[PDB]
$ cat target.txt   # compact mmCIF, C-alpha atoms and all ligand atoms
# COMPACT_ATOMS: atom_id res chain seq x y z
CA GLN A 1 1.61 8.43 -12.78
CA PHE A 2 -1.94 7.76 -14.05
CA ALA A 3 -2.77 7.36 -17.72
CA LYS A 4 -6.47 8.11 -17.21
CA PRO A 5 -8.57 9.34 -14.30
CA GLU A 6 -9.83 5.78 -13.72
CA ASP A 7 -6.25 4.76 -12.91
CA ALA A 8 -6.07 7.40 -10.13
CA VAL A 9 -9.38 6.16 -8.77
CA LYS A 10 -8.21 2.58 -8.66
CA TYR A 11 -4.93 3.62 -6.99
CA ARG A 12 -6.54 5.64 -4.25
CA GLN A 13 -9.16 2.97 -3.54
CA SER A 14 -6.42 0.38 -3.20
CA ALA A 15 -4.34 2.64 -0.98
CA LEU A 16 -7.33 3.37 1.25
CA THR A 17 -8.21 -0.35 1.43
CA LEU A 18 -4.67 -1.20 2.56
CA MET A 19 -4.22 1.69 4.80
CA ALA A 20 -7.58 0.67 6.35
CA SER A 21 -6.63 -2.99 7.00
CA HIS A 22 -3.47 -1.80 8.79
CA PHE A 23 -5.52 0.49 11.00
CA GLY A 24 -8.43 -1.82 11.70
CA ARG A 25 -6.36 -4.92 12.45
CA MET A 26 -5.25 -3.15 15.66
CA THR A 27 -8.74 -2.81 17.03
CA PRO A 28 -8.64 -6.07 19.05
CA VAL A 29 -5.33 -5.03 20.57
CA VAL A 30 -6.62 -1.55 21.55
CA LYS A 31 -9.67 -3.24 23.09
CA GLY A 32 -7.60 -5.83 25.03
CA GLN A 33 -9.21 -8.75 23.18
CA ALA A 34 -5.80 -9.63 21.69
CA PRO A 35 -2.46 -9.39 23.39
CA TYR A 36 -0.27 -6.32 23.13
CA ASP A 37 3.16 -6.93 21.61
CA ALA A 38 4.88 -3.53 21.49
CA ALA A 39 7.28 -4.52 18.71
CA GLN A 40 4.49 -6.00 16.56
CA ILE A 41 2.44 -2.80 16.87
CA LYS A 42 5.46 -0.56 16.25
CA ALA A 43 6.14 -2.40 13.00
CA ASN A 44 2.51 -2.27 11.91
CA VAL A 45 2.22 1.44 12.65
CA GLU A 46 5.31 2.03 10.53
CA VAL A 47 3.51 0.36 7.60
CA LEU A 48 0.42 2.42 8.32
CA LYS A 49 2.51 5.58 8.32
CA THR A 50 3.82 4.87 4.86
CA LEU A 51 0.36 3.95 3.54
CA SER A 52 -1.30 6.92 5.12
CA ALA A 53 0.68 9.35 2.93
CA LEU A 54 -0.28 7.68 -0.37
CA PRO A 55 -3.93 8.34 -1.21
CA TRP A 56 -3.86 12.15 -1.49
CA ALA A 57 -1.74 12.58 -4.59
CA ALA A 58 -4.23 10.38 -6.44
CA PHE A 59 -6.91 13.05 -6.03
CA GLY A 60 -5.08 15.27 -8.57
CA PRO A 61 -6.73 17.61 -11.03
CA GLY A 62 -8.92 15.70 -13.52
CA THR A 63 -9.07 12.56 -11.32
CA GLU A 64 -12.81 12.88 -10.52
CA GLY A 65 -14.71 9.52 -9.98
CA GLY A 66 -15.24 6.65 -7.59
CA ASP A 67 -16.91 7.66 -4.36
CA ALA A 68 -15.00 11.00 -4.16
CA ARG A 69 -17.50 13.79 -3.58
CA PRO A 70 -17.02 16.68 -6.03
CA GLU A 71 -16.40 18.87 -3.01
CA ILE A 72 -12.83 17.47 -2.79
CA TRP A 73 -11.47 19.70 -5.72
CA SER A 74 -13.64 22.85 -5.38
CA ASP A 75 -12.65 23.19 -1.73
CA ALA A 76 -8.99 22.17 -2.05
CA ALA A 77 -7.56 24.00 0.99
CA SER A 78 -10.13 22.47 3.26
CA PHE A 79 -9.68 18.97 1.82
CA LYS A 80 -6.11 19.53 2.58
CA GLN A 81 -6.85 20.50 6.19
CA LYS A 82 -8.68 17.17 6.71
CA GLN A 83 -5.82 15.20 5.15
CA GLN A 84 -3.08 17.01 7.08
CA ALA A 85 -4.99 16.66 10.41
CA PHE A 86 -5.33 12.96 9.74
CA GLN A 87 -1.59 12.54 9.11
CA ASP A 88 -0.76 14.66 12.14
CA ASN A 89 -2.98 12.24 14.09
CA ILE A 90 -0.89 9.36 12.43
CA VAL A 91 2.32 11.07 13.74
CA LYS A 92 0.88 10.87 17.22
CA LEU A 93 -0.02 7.21 16.75
CA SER A 94 3.54 6.51 15.64
CA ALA A 95 4.86 8.27 18.74
CA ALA A 96 2.64 6.14 20.98
CA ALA A 97 3.66 2.90 19.17
CA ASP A 98 7.37 3.81 19.20
CA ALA A 99 7.17 4.52 22.92
CA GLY A 100 5.48 1.14 23.61
CA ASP A 101 2.58 2.53 25.68
CA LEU A 102 -0.89 0.83 25.41
CA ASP A 103 -2.74 3.74 27.08
CA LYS A 104 -1.25 6.31 24.73
CA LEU A 105 -1.85 3.93 21.79
CA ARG A 106 -5.53 3.64 22.65
CA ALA A 107 -5.99 7.37 22.86
CA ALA A 108 -4.05 8.02 19.64
CA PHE A 109 -5.97 5.25 17.84
CA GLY A 110 -9.24 6.93 18.81
CA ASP A 111 -8.01 10.24 17.45
CA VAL A 112 -7.03 8.72 14.15
CA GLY A 113 -10.38 6.99 13.84
CA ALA A 114 -12.21 10.29 14.44
CA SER A 115 -10.11 11.91 11.66
CA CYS A 116 -11.02 9.09 9.23
CA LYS A 117 -14.70 9.61 10.03
CA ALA A 118 -14.49 13.40 9.70
CA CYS A 119 -13.14 13.18 6.16
CA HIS A 120 -15.61 10.43 5.30
CA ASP A 121 -18.60 12.47 6.40
CA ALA A 122 -17.53 15.51 4.36
CA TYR A 123 -15.90 14.08 1.23
CA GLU A 124 -16.99 10.50 0.52
CA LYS A 125 -20.19 9.88 -1.40
CA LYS A 126 -22.97 7.89 0.22
CA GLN B 1 -6.25 -9.88 10.01
CA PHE B 2 -8.91 -11.17 7.57
CA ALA B 3 -12.41 -12.13 8.66
CA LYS B 4 -13.05 -14.24 5.55
CA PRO B 5 -10.91 -15.46 2.66
CA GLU B 6 -12.44 -12.78 0.41
CA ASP B 7 -10.88 -10.15 2.67
CA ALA B 8 -7.39 -11.63 2.09
CA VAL B 9 -8.05 -11.63 -1.64
CA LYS B 10 -9.07 -8.01 -1.66
CA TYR B 11 -6.02 -7.06 0.45
CA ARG B 12 -3.50 -8.79 -1.75
CA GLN B 13 -5.05 -7.44 -4.94
CA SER B 14 -4.87 -3.93 -3.54
CA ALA B 15 -1.29 -4.41 -2.39
CA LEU B 16 -0.26 -5.75 -5.78
CA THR B 17 -2.05 -2.87 -7.56
CA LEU B 18 -0.16 -0.32 -5.45
CA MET B 19 3.09 -2.05 -5.48
CA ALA B 20 2.67 -2.21 -9.28
CA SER B 21 1.98 1.53 -9.78
CA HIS B 22 5.14 2.32 -7.79
CA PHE B 23 7.18 0.03 -10.01
CA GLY B 24 5.67 0.95 -13.35
CA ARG B 25 5.72 4.72 -12.83
CA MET B 26 9.53 4.49 -13.10
CA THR B 27 9.50 3.05 -16.58
CA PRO B 28 9.80 6.43 -18.36
CA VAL B 29 12.73 7.36 -16.15
CA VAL B 30 14.54 4.04 -16.82
CA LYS B 31 13.94 4.58 -20.54
CA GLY B 32 15.19 8.22 -20.50
CA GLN B 33 11.82 9.57 -21.63
CA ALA B 34 11.48 11.41 -18.30
CA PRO B 35 14.23 13.09 -16.36
CA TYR B 36 16.16 11.31 -13.64
CA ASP B 37 15.93 12.93 -10.20
CA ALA B 38 17.94 10.70 -7.85
CA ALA B 39 16.13 11.87 -4.72
CA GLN B 40 12.68 11.39 -6.30
CA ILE B 41 13.56 7.83 -7.31
CA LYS B 42 15.14 7.03 -3.94
CA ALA B 43 11.93 8.07 -2.20
CA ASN B 44 9.74 6.12 -4.59
CA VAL B 45 11.84 2.98 -4.25
CA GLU B 46 11.51 3.25 -0.48
CA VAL B 47 7.70 3.16 -0.90
CA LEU B 48 8.03 0.24 -3.27
CA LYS B 49 10.18 -1.59 -0.74
CA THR B 50 7.53 -1.31 1.92
CA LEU B 51 4.74 -2.35 -0.49
CA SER B 52 6.71 -5.21 -1.89
CA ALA B 53 6.70 -7.03 1.47
CA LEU B 54 2.91 -6.85 1.94
CA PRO B 55 1.14 -9.22 -0.45
CA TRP B 56 2.58 -12.55 0.72
CA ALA B 57 1.01 -12.81 4.15
CA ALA B 58 -2.38 -12.46 2.48
CA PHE B 59 -1.90 -15.81 0.77
CA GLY B 60 -2.34 -17.60 4.14
CA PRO B 61 -3.97 -20.97 4.64
CA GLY B 62 -7.65 -20.91 3.62
CA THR B 63 -7.26 -17.69 1.57
CA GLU B 64 -7.86 -19.38 -1.83
CA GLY B 65 -9.59 -17.15 -4.53
CA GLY B 66 -9.06 -14.29 -6.93
CA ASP B 67 -6.59 -15.05 -9.68
CA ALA B 68 -4.28 -17.05 -7.35
CA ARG B 69 -3.53 -20.40 -8.98
CA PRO B 70 -4.11 -23.32 -6.60
CA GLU B 71 -0.45 -24.17 -7.06
CA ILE B 72 0.45 -21.35 -4.60
CA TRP B 73 -0.48 -23.46 -1.42
CA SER B 74 0.35 -27.03 -2.56
CA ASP B 75 3.86 -25.95 -3.53
CA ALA B 76 4.53 -23.57 -0.62
CA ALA B 77 8.35 -23.75 -0.52
CA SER B 78 8.59 -22.95 -4.18
CA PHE B 79 6.07 -20.11 -3.98
CA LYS B 80 8.26 -18.85 -1.29
CA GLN B 81 11.38 -19.08 -3.49
CA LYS B 82 9.68 -16.86 -6.12
CA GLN B 83 8.61 -14.32 -3.48
CA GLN B 84 12.01 -14.21 -1.75
CA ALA B 85 13.87 -13.86 -5.10
CA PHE B 86 11.60 -10.98 -5.99
CA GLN B 87 12.30 -9.18 -2.71
CA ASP B 88 16.01 -9.86 -3.03
CA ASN B 89 15.74 -8.23 -6.46
CA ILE B 90 13.91 -5.27 -4.65
CA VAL B 91 16.93 -5.02 -2.25
CA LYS B 92 19.16 -4.57 -5.25
CA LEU B 93 16.85 -1.91 -6.69
CA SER B 94 16.97 -0.07 -3.38
CA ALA B 95 20.77 -0.21 -3.43
CA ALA B 96 20.86 1.24 -6.94
CA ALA B 97 18.36 4.02 -6.02
CA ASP B 98 20.16 4.85 -2.75
CA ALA B 99 23.45 5.10 -4.63
CA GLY B 100 21.92 7.47 -7.24
CA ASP B 101 23.14 5.55 -10.31
CA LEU B 102 20.88 5.45 -13.46
CA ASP B 103 22.82 2.57 -15.08
CA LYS B 104 22.56 0.39 -12.00
CA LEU B 105 18.89 1.42 -11.61
CA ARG B 106 18.10 0.31 -15.15
CA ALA B 107 19.71 -3.06 -14.66
CA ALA B 108 18.07 -3.62 -11.26
CA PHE B 109 14.68 -2.51 -12.64
CA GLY B 110 14.98 -5.12 -15.38
CA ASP B 111 15.75 -7.81 -12.83
CA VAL B 112 12.76 -6.92 -10.73
CA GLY B 113 10.50 -6.95 -13.77
CA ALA B 114 11.73 -10.43 -14.72
CA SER B 115 10.94 -11.66 -11.17
CA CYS B 116 7.39 -10.24 -11.40
CA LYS B 117 6.89 -12.07 -14.70
CA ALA B 118 8.33 -15.34 -13.38
CA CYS B 119 5.83 -15.48 -10.53
CA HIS B 120 3.02 -14.38 -12.82
CA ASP B 121 3.69 -17.15 -15.31
CA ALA B 122 3.73 -19.85 -12.61
CA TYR B 123 1.14 -18.72 -10.04
CA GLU B 124 -1.38 -16.28 -11.50
CA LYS B 125 -4.43 -17.62 -13.32
CA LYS B 126 -5.00 -16.67 -16.93
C1 LIG C 1 -9.95 12.55 3.62
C2 LIG C 1 -8.80 13.47 3.99
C3 LIG C 1 -9.88 11.10 4.10
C4 LIG C 1 -9.31 10.55 5.19
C5 LIG C 1 -8.49 11.19 6.29
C6 LIG C 1 -9.60 9.14 5.17
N1 LIG C 1 -10.37 8.82 4.05
FE1 LIG C 1 -11.23 7.05 3.62
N2 LIG C 1 -11.83 7.79 1.82
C7 LIG C 1 -11.81 9.14 1.46
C8 LIG C 1 -12.42 9.32 0.15
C9 LIG C 1 -12.60 10.63 -0.54
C10 LIG C 1 -12.79 8.02 -0.24
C11 LIG C 1 -13.36 7.68 -1.61
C12 LIG C 1 -12.30 7.39 -2.65
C13 LIG C 1 -12.84 7.06 -4.02
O1 LIG C 1 -12.41 7.73 -5.00
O2 LIG C 1 -13.72 6.15 -4.13
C14 LIG C 1 -12.45 7.11 0.79
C15 LIG C 1 -12.61 5.77 0.76
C16 LIG C 1 -12.25 4.88 1.74
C17 LIG C 1 -12.41 3.45 1.71
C18 LIG C 1 -12.95 2.67 0.52
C19 LIG C 1 -11.90 2.39 -0.54
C20 LIG C 1 -12.37 1.53 -1.70
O3 LIG C 1 -11.87 0.41 -1.78
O4 LIG C 1 -13.14 1.99 -2.58
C21 LIG C 1 -11.96 2.94 2.86
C22 LIG C 1 -11.88 1.48 3.26
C23 LIG C 1 -11.51 4.05 3.68
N3 LIG C 1 -11.69 5.23 2.97
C24 LIG C 1 -11.01 3.92 4.96
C25 LIG C 1 -10.43 4.93 5.68
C26 LIG C 1 -9.77 4.82 6.95
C27 LIG C 1 -9.81 3.53 7.78
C28 LIG C 1 -9.27 6.01 7.27
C29 LIG C 1 -8.45 6.41 8.50
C30 LIG C 1 -7.41 5.34 8.89
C31 LIG C 1 -9.59 6.91 6.19
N4 LIG C 1 -10.29 6.22 5.22
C32 LIG C 1 -9.24 8.23 6.13
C33 LIG C 1 -11.28 10.15 2.23
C34 LIG C 1 -10.56 10.04 3.40
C1 LIG C 2 4.68 -14.20 -6.77
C2 LIG C 2 5.80 -14.41 -5.78
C3 LIG C 2 4.47 -12.80 -7.34
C4 LIG C 2 5.34 -11.79 -7.57
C5 LIG C 2 6.82 -11.71 -7.29
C6 LIG C 2 4.60 -10.71 -8.16
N1 LIG C 2 3.25 -11.06 -8.30
FE1 LIG C 2 1.81 -10.01 -9.25
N2 LIG C 2 0.43 -11.37 -8.63
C7 LIG C 2 0.73 -12.62 -8.08
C8 LIG C 2 -0.49 -13.38 -7.87
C9 LIG C 2 -0.56 -14.77 -7.33
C10 LIG C 2 -1.52 -12.52 -8.30
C11 LIG C 2 -3.00 -12.82 -8.17
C12 LIG C 2 -3.58 -12.38 -6.84
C13 LIG C 2 -5.05 -12.68 -6.67
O1 LIG C 2 -5.41 -13.33 -5.65
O2 LIG C 2 -5.86 -12.30 -7.57
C14 LIG C 2 -0.93 -11.32 -8.79
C15 LIG C 2 -1.60 -10.23 -9.25
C16 LIG C 2 -1.05 -9.06 -9.69
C17 LIG C 2 -1.74 -7.90 -10.17
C18 LIG C 2 -3.26 -7.77 -10.21
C19 LIG C 2 -3.86 -7.34 -8.87
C20 LIG C 2 -5.36 -7.10 -8.89
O3 LIG C 2 -5.72 -5.94 -8.73
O4 LIG C 2 -6.17 -8.06 -8.96
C21 LIG C 2 -0.86 -6.97 -10.51
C22 LIG C 2 -1.12 -5.57 -11.03
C23 LIG C 2 0.47 -7.52 -10.28
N3 LIG C 2 0.32 -8.80 -9.76
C24 LIG C 2 1.65 -6.86 -10.55
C25 LIG C 2 2.90 -7.30 -10.18
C26 LIG C 2 4.14 -6.59 -10.32
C27 LIG C 2 4.24 -5.28 -11.10
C28 LIG C 2 5.09 -7.32 -9.77
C29 LIG C 2 6.58 -7.00 -9.61
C30 LIG C 2 6.84 -5.52 -9.24
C31 LIG C 2 4.48 -8.51 -9.25
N4 LIG C 2 3.13 -8.47 -9.50
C32 LIG C 2 5.13 -9.52 -8.59
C33 LIG C 2 2.00 -13.07 -7.78
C34 LIG C 2 3.18 -12.36 -7.81
$ encode --input "target.txt" --output "structure tokens"
Amino acid sequence: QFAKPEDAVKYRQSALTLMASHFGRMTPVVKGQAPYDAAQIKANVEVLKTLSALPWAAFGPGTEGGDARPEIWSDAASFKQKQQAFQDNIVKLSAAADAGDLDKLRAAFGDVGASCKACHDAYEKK
Amino acid sequence: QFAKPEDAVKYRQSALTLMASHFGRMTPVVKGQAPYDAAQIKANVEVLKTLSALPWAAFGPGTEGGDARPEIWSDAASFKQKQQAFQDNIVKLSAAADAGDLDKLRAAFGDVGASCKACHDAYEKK
């Protein structure tokens, strides 16, 4: 869906920005600094689930650029392992949200955050 | 969810960028230049539906900036009419996609596009 590589870059950056806001806005809730409304969090995690699937297809062949380390295309299977582990971690977060359990949410949120950081450390340029 | 107004601006711009890619990538299909796969379009419209709901809450009080004309906050009810007409037009697009009908999709796509342009002309800075 991208006319030029720059268009894929701008898409993925926007998806990651949004996806990120939907993750990070839950931090006060997971810390107990804001109240826990199970329905509010369930709805937000549903948005995060949809967003979380979007970036990867905008790292297609020929889409090099932004802060994407070149190692993303040359090691495709591995990049794919990091992405699929992250979304599996998002499935767990959904399960915790859908069940309405703050303890399970906290644990699942932590796991997701670790997956974000793992991909960051390997595949995002300094 | 925004620490500073600039954070709301960056969110809404990213949401509009994404939302826009998901709309515009269907243009070749609606024109017949690309093939029509009903399931592909149904799935894409579902993503568009989710995205289409996201920008508006990032035009909250105190979030002035970007290319948002000042007229967005001083005329709140009206801004709201433009937003709600656009999402009603997105409901119709979903119905056309979910039914699997290229003629209804084309008409509904046109209606959505007109709603984008209407808000643009009134509320987006040159
Ligand atoms: C690899 C499988 C990733 C996972 C999982 C997550 N992110 Fe990431 N992110 C990744 C790359 C390769 C990049 C660079 C993209 C580019 O082309 O520039 C990024 C970037 C971000 C950004 C910055 C986006 C921008 O506006 O330029 C943010 C805010 C970000 N990533 C956040 C983030 C979060 C919160 C994640 C888990 C919820 C996460 N990312 C996962 C690669 C990967
Ligand atoms: C008002 C109810 C709007 C509707 C409906 C749509 N858009 Fe719009 N858009 C609107 C504003 C006020 C702005 C400016 C936001 C800012 O603070 O800068 C925009 C901006 C865009 C952009 C640019 C985003 C960027 O990266 O800076 C795009 C690509 C865009 N809008 C596209 C678009 C499409 C395709 C729409 C219908 C599917 C649509 N917008 C509707 C206001 C409104």
$ axis_aligned_box --input "target.txt" --around "stretch 55-69 of chain A" --padding-each-side "5 Å" --output "lines of an AutoDock Vina configuration file"
center_x = -9.6
center_y = 12.1
center_z = -7.4
size_x = 25.8
size_y = 21.0
size_z = 22.3
$ calpha_fit_and_write --input "target.txt" --fixed "chain B" --moving "chain A" --output "PDB file with C-alpha atoms, in the frame of the given file"
ATOM      1  CA  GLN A   1      -6.249  -9.887  10.008  1.00  0.00           C
ATOM      2  CA  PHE A   2      -8.908 -11.168   7.568  1.00  0.00           C
ATOM      3  CA  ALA A   3     -12.403 -12.128   8.654  1.00  0.00           C
ATOM      4  CA  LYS A   4     -13.044 -14.242   5.550  1.00  0.00           C
ATOM      5  CA  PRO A   5     -10.909 -15.461   2.661  1.00  0.00           C
ATOM      6  CA  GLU A   6     -12.441 -12.778   0.413  1.00  0.00           C
ATOM      7  CA  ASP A   7     -10.878 -10.142   2.675  1.00  0.00           C
ATOM      8  CA  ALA A   8      -7.389 -11.629   2.088  1.00  0.00           C
ATOM      9  CA  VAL A   9      -8.046 -11.636  -1.642  1.00  0.00           C
ATOM     10  CA  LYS A  10      -9.063  -8.008  -1.661  1.00  0.00           C
ATOM     11  CA  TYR A  11      -6.017  -7.060   0.449  1.00  0.00           C
ATOM     12  CA  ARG A  12      -3.498  -8.794  -1.748  1.00  0.00           C
ATOM     13  CA  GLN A  13      -5.047  -7.434  -4.949  1.00  0.00           C
ATOM     14  CA  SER A  14      -4.862  -3.925  -3.541  1.00  0.00           C
ATOM     15  CA  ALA A  15      -1.286  -4.408  -2.382  1.00  0.00           C
ATOM     16  CA  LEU A  16      -0.258  -5.755  -5.784  1.00  0.00           C
ATOM     17  CA  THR A  17      -2.046  -2.873  -7.558  1.00  0.00           C
ATOM     18  CA  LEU A  18      -0.162  -0.318  -5.447  1.00  0.00           C
ATOM     19  CA  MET A  19       3.093  -2.044  -5.474  1.00  0.00           C
ATOM     20  CA  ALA A  20       2.669  -2.213  -9.285  1.00  0.00           C
ATOM     21  CA  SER A  21       1.978   1.528  -9.780  1.00  0.00           C
ATOM     22  CA  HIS A  22       5.142   2.325  -7.791  1.00  0.00           C
ATOM     23  CA  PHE A  23       7.179   0.031 -10.009  1.00  0.00           C
ATOM     24  CA  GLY A  24       5.668   0.952 -13.351  1.00  0.00           C
ATOM     25  CA  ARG A  25       5.719   4.719 -12.833  1.00  0.00           C
ATOM     26  CA  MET A  26       9.533   4.496 -13.101  1.00  0.00           C
ATOM     27  CA  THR A  27       9.500   3.049 -16.576  1.00  0.00           C
ATOM     28  CA  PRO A  28       9.788   6.431 -18.364  1.00  0.00           C
ATOM     29  CA  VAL A  29      12.723   7.353 -16.153  1.00  0.00           C
ATOM     30  CA  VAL A  30      14.547   4.041 -16.814  1.00  0.00           C
ATOM     31  CA  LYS A  31      13.941   4.582 -20.538  1.00  0.00           C
ATOM     32  CA  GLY A  32      15.190   8.215 -20.496  1.00  0.00           C
ATOM     33  CA  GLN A  33      11.809   9.566 -21.628  1.00  0.00           C
ATOM     34  CA  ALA A  34      11.480  11.415 -18.297  1.00  0.00           C
ATOM     35  CA  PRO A  35      14.228  13.088 -16.359  1.00  0.00           C
ATOM     36  CA  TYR A  36      16.159  11.313 -13.637  1.00  0.00           C
ATOM     37  CA  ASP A  37      15.930  12.929 -10.204  1.00  0.00           C
ATOM     38  CA  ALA A  38      17.942  10.702  -7.854  1.00  0.00           C
ATOM     39  CA  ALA A  39      16.130  11.876  -4.723  1.00  0.00           C
ATOM     40  CA  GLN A  40      12.683  11.396  -6.299  1.00  0.00           C
ATOM     41  CA  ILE A  41      13.553   7.826  -7.315  1.00  0.00           C
ATOM     42  CA  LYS A  42      15.140   7.033  -3.942  1.00  0.00           C
ATOM     43  CA  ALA A  43      11.932   8.079  -2.202  1.00  0.00           C
ATOM     44  CA  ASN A  44       9.736   6.118  -4.593  1.00  0.00           C
ATOM     45  CA  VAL A  45      11.837   2.977  -4.251  1.00  0.00           C
ATOM     46  CA  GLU A  46      11.506   3.254  -0.482  1.00  0.00           C
ATOM     47  CA  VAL A  47       7.707   3.165  -0.898  1.00  0.00           C
ATOM     48  CA  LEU A  48       8.033   0.236  -3.270  1.00  0.00           C
ATOM     49  CA  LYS A  49      10.178  -1.593  -0.739  1.00  0.00           C
ATOM     50  CA  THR A  50       7.521  -1.306   1.916  1.00  0.00           C
ATOM     51  CA  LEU A  51       4.747  -2.345  -0.489  1.00  0.00           C
ATOM     52  CA  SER A  52       6.705  -5.221  -1.891  1.00  0.00           C
ATOM     53  CA  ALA A  53       6.697  -7.032   1.478  1.00  0.00           C
ATOM     54  CA  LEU A  54       2.908  -6.854   1.940  1.00  0.00           C
ATOM     55  CA  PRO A  55       1.139  -9.217  -0.458  1.00  0.00           C
ATOM     56  CA  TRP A  56       2.580 -12.552   0.725  1.00  0.00           C
ATOM     57  CA  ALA A  57       1.014 -12.808   4.156  1.00  0.00           C
ATOM     58  CA  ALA A  58      -2.386 -12.459   2.487  1.00  0.00           C
ATOM     59  CA  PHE A  59      -1.898 -15.818   0.767  1.00  0.00           C
ATOM     60  CA  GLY A  60      -2.341 -17.602   4.136  1.00  0.00           C
ATOM     61  CA  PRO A  61      -3.967 -20.971   4.638  1.00  0.00           C
ATOM     62  CA  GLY A  62      -7.654 -20.908   3.617  1.00  0.00           C
ATOM     63  CA  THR A  63      -7.260 -17.691   1.563  1.00  0.00           C
ATOM     64  CA  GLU A  64      -7.863 -19.376  -1.833  1.00  0.00           C
ATOM     65  CA  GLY A  65      -9.581 -17.153  -4.534  1.00  0.00           C
ATOM     66  CA  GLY A  66      -9.056 -14.285  -6.927  1.00  0.00           C
ATOM     67  CA  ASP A  67      -6.593 -15.046  -9.683  1.00  0.00           C
ATOM     68  CA  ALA A  68      -4.273 -17.056  -7.356  1.00  0.00           C
ATOM     69  CA  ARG A  69      -3.527 -20.397  -8.984  1.00  0.00           C
ATOM     70  CA  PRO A  70      -4.111 -23.320  -6.596  1.00  0.00           C
ATOM     71  CA  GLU A  71      -0.455 -24.166  -7.061  1.00  0.00           C
ATOM     72  CA  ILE A  72       0.456 -21.358  -4.603  1.00  0.00           C
ATOM     73  CA  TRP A  73      -0.478 -23.454  -1.419  1.00  0.00           C
ATOM     74  CA  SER A  74       0.350 -27.026  -2.561  1.00  0.00           C
ATOM     75  CA  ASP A  75       3.863 -25.951  -3.520  1.00  0.00           C
ATOM     76  CA  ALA A  76       4.528 -23.572  -0.616  1.00  0.00           C
ATOM     77  CA  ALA A  77       8.348 -23.752  -0.519  1.00  0.00           C
ATOM     78  CA  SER A  78       8.591 -22.954  -4.180  1.00  0.00           C
ATOM     79  CA  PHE A  79       6.066 -20.106  -3.980  1.00  0.00           C
ATOM     80  CA  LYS A  80       8.266 -18.852  -1.292  1.00  0.00           C
ATOM     81  CA  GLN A  81      11.372 -19.079  -3.488  1.00  0.00           C
ATOM     82  CA  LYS A  82       9.677 -16.857  -6.115  1.00  0.00           C
ATOM     83  CA  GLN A  83       8.615 -14.322  -3.480  1.00  0.00           C
ATOM     84  CA  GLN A  84      12.005 -14.205  -1.747  1.00  0.00           C
ATOM     85  CA  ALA A  85      13.873 -13.868  -5.102  1.00  0.00           C
ATOM     86  CA  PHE A  86      11.599 -10.990  -5.994  1.00  0.00           C
ATOM     87  CA  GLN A  87      12.299  -9.175  -2.712  1.00  0.00           C
ATOM     88  CA  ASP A  88      16.011  -9.867  -3.027  1.00  0.00           C
ATOM     89  CA  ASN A  89      15.737  -8.231  -6.468  1.00  0.00           C
ATOM     90  CA  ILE A  90      13.913  -5.268  -4.649  1.00  0.00           C
ATOM     91  CA  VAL A  91      16.926  -5.022  -2.240  1.00  0.00           C
ATOM     92  CA  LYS A  92      19.158  -4.573  -5.247  1.00  0.00           C
ATOM     93  CA  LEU A  93      16.856  -1.919  -6.691  1.00  0.00           C
ATOM     94  CA  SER A  94      16.974  -0.064  -3.383  1.00  0.00           C
ATOM     95  CA  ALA A  95      20.772  -0.216  -3.425  1.00  0.00           C
ATOM     96  CA  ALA A  96      20.861   1.245  -6.938  1.00  0.00           C
ATOM     97  CA  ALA A  97      18.358   4.019  -6.015  1.00  0.00           C
ATOM     98  CA  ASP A  98      20.162   4.842  -2.750  1.00  0.00           C
ATOM     99  CA  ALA A  99      23.448   5.101  -4.626  1.00  0.00           C
ATOM    100  CA  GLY A 100      21.923   7.471  -7.237  1.00  0.00           C
ATOM    101  CA  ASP A 101      23.138   5.552 -10.314  1.00  0.00           C
ATOM    102  CA  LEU A 102      20.885   5.453 -13.463  1.00  0.00           C
ATOM    103  CA  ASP A 103      22.821   2.570 -15.082  1.00  0.00           C
ATOM    104  CA  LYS A 104      22.558   0.386 -11.998  1.00  0.00           C
ATOM    105  CA  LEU A 105      18.893   1.426 -11.607  1.00  0.00           C
ATOM    106  CA  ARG A 106      18.098   0.309 -15.141  1.00  0.00           C
ATOM    107  CA  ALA A 107      19.709  -3.059 -14.663  1.00  0.00           C
ATOM    108  CA  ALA A 108      18.071  -3.614 -11.262  1.00  0.00           C
ATOM    109  CA  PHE A 109      14.680  -2.513 -12.636  1.00  0.00           C
ATOM    110  CA  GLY A 110      14.979  -5.127 -15.381  1.00  0.00           C
ATOM    111  CA  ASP A 111      15.752  -7.807 -12.824  1.00  0.00           C
ATOM    112  CA  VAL A 112      12.753  -6.922 -10.731  1.00  0.00           C
ATOM    113  CA  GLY A 113      10.499  -6.953 -13.769  1.00  0.00           C
ATOM    114  CA  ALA A 114      11.732 -10.440 -14.726  1.00  0.00           C
ATOM    115  CA  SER A 115      10.935 -11.651 -11.167  1.00  0.00           C
ATOM    116  CA  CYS A 116       7.382 -10.233 -11.404  1.00  0.00           C
ATOM    117  CA  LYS A 117       6.888 -12.065 -14.698  1.00  0.00           C
ATOM    118  CA  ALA A 118       8.331 -15.335 -13.380  1.00  0.00           C
ATOM    119  CA  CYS A 119       5.835 -15.475 -10.525  1.00  0.00           C
ATOM    120  CA  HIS A 120       3.019 -14.387 -12.824  1.00  0.00           C
ATOM    121  CA  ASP A 121       3.685 -17.157 -15.312  1.00  0.00           C
ATOM    122  CA  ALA A 122       3.722 -19.849 -12.610  1.00  0.00           C
ATOM    123  CA  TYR A 123       1.145 -18.717 -10.046  1.00  0.00           C
ATOM    124  CA  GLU A 124      -1.391 -16.276 -11.503  1.00  0.00           C
ATOM    125  CA  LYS A 125      -4.431 -17.617 -13.311  1.00  0.00           C
ATOM    126  CA  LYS A 126      -5.000 -16.679 -16.932  1.00  0.00           C
TER     127      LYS A 126
END
$ closest_residue --input "target.txt" --among "A:94, A:63, A:81, A:89" --to "residue A:5" --atoms "all atoms listed in the file"
A:63
$ residues_near_ligand --input "target.txt" --ligand "ligand LIG 1 (chain C)" --cutoff "8 Å" --atoms "only C-alpha atoms and all ligand atoms" --output "NGL selection string"
:A and (9-10 or 12-21 or 23-24 or 52 or 56 or 59 or 64-69 or 72 or 79-87 or 112-113 or 115-120 or 123-125)
